[PDB]
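**Q** When you get a sec, could you give me coordinates for this:
(one chain, ligands or ions: 1)
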Amino acid sequence: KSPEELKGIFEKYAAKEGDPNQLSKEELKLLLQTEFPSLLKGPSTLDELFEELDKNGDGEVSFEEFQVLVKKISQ
Ligand SMILES: [Mg+2]
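**A** Numbering: from 1, shown residues only. This is the structure:
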């Protein structure tokens, strides 16, 4: 999906609670589940990518961190 499309999806789920410009891990699990179900198959690398991308260690990722995450978990 295009970054424009990706931004709309990101915003939709981040809006659920907390900072509207951040996605927590549970918000990201719901988003993947309904938006990219195929990315939640087989052994997951979600926690490893999440741990590495949440640089500030606040349990949340920004839009650019989410983009990299979708990119990487895909290959
Ligand atoms: Mg963070």
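**Q** from here on, contacts and neighbour counts on C-alpha atoms
**A** Will do.
**Q** what sits against residue 54?
**A** Neighbour list for residue 54: 60-61, 65 [criterion: CA atoms under 8 Å, 6 or more residues apart in numbering].
**Q** Please report phi then psi for it.
**A** As for residue 54, its main-chain torsions (degrees, to the nearest 10) stand at phi -80, psi 80.
**Q** Begin at 2 from now on, thanks
**A** I'll keep to 2 as the first residue from here, and by that count the last item is residue 55.
**Q** what are the phi and psi values for residue 14?
**A** Residue 14 adopts backbone torsions of phi -80, psi -30, taken as degrees, to the nearest 10.
**Q** so what's the residue lying closest to it once chain neighbours are set aside up against?
**A** Distances taken as CA to CA, 6 or more residues apart in numbering put residue 28 closest to residue 14, at 6.1 Å, once the chain neighbours are dropped. Residue 28 makes contact with 14-15, 17 under the criterion CA under 8 Å, 6+ apart.
**Q** out of the residues you listed, who's nearest residue 2?
**A** When the contacts of residue 28 are compared for distance to residue 2 (CA to CA), residue 14 wins out at 16.3 Å.
**Q** how close does the closest one get to residue 44?
**A** 24 Å (CA to CA, to the nearest Å).
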